[PDB]
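First, one chain by itself in structure tokens, the form deposited in one PDB entry.
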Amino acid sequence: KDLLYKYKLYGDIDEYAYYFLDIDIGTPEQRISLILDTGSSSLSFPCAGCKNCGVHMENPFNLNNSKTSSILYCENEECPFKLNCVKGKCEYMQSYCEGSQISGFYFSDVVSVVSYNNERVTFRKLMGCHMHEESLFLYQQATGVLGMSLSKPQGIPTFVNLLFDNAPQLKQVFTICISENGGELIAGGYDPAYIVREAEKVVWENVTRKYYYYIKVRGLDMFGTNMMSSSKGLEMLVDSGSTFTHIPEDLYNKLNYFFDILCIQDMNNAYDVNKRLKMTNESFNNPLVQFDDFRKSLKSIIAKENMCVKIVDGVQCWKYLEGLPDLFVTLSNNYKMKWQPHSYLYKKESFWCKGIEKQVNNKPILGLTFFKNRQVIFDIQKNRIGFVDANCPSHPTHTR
């Protein structure tokens, strides 16, 4: 019942591995597609002149063509926001993967964000110009990154804080609703009409740290058995910019053990099927408090011929969602939030592949495979993040 501004999201888990929206930048407008990333705060892309940039959906943003672009030069060799001064410009630098770096320079210009009901919000933004991209940036279709995290004291004003400072008619809330193909970013609150039904209720979880999107996960259950070797709160970044949900190797190895069992590549191979049916509560090292629920899945995966192909890294893909078990993450109190297979599995070709990976460098992340088929509600002012199952809008990329 609030006032909501809605923006179309494009992408998917398998082909793009992220979700992006379009943004007008400069004067006159240069449309730039940006990866929606709640795990970062910058807004960067390549710029005309880049001598090592990928081929993206748009050309590099052309400063000389924007009547209103202003390169942040360092006078006296001193940059604001404790930035570095290189070759007479305030440096933009990033590190990702294993030492890869995109370097460049900061500049400013007009950014315009329009909803699909034609409501326009404009403001000047500090942004980075990629003059050098590497690794995964050399082969993603999207042109840049739109960081969605909050502004720190005496830091570069971020897109989200500028958006709301220039839209006082909107409550300080934005929702991300991603489906298998494309999604929707909502500014001003969430749409209850997307909530499955009459409409279900939002689960609210306070955020552990301020300025960041961390929440505490105090347990992850499969078949009624917590696979987390600790009930202490595990801080996990609610990150729209990571394709998959990442977890500590202990929790992953204990989950992938039961997914491996449920993965049968040939339903007529006796050794494979025999090896799995000859399993009992006492052969797990982790007895299943709902071992019958486990048996239920296994029998049904063999009954309905839900075959499973393993791909790179030993990631399982099933023919059907039917059979795969629900997962339950434990939040504040003892509230168990259901994590359905249509979220943690993603569509690859015709199968459903596991979208749960090991954490890299003690960085547990609730990624897009946790977003999918939910509304993820960022209540900036109350320092809480909400989750509700929803029929998220869908937008094939041939509608842009």
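Numbers follow the displayed sequence, beginning with 1. Superpose the two forms; the largest set of C-alphas matching within 1.5 Å is the rigid core.
According to the entry, the deposited sequence has no residues without coordinates between residue 120 and residue 121, so the chain runs continuously there.
Averaged over Cα atoms, the B-factor as recorded in the entry is higher for 199-207 than for the other of 199-207 and 128-136. Set 329-337 against 368-376 and average the Cα temperature factors; 329-337 ends up higher. You'll see in the entry that, of 109, 293, 184, 91, the Cα B factor peaks at 293.
Remark: residue 275 belongs to the highest third of its chain, ranked by C-alpha B-factor as recorded. Annotation for residue 316: C-alpha temperature factor in the middle third relative to the rest of the modelled chain, per the entry. Per-chain ranking of the deposited C-alpha B factor places residue 87 in the highest third. Annotation for residue 191: C-alpha temperature factor in the middle third relative to the rest of the modelled chain, per the entry. In this PDB entry, residue 159 carries a Cα temperature factor that places it within the lowest third of its chain's modelled residues.
Although it is not shown, the form deposited in another entry is what the next lines describe.
231 is the only residue from 280, 231, 169, 154 whose Cα shifts by 2 Å or more between the shown form and the other one, the rigid core being superposed. Residue 88 is not among the residues whose C-alpha shifts by 2 Å or more between the shown form and the other one once the rigid core is aligned; its shift stays under 2 Å. Taking 2 Å as the criterion, residue 303 does not count as shifted between the shown form and the other one: its C-alpha moves by less than this amount when the rigid core is aligned. Relative to the superposed rigid core, the position of the CA of residue 208 differs between the shown form and the other one by less than 2 Å.
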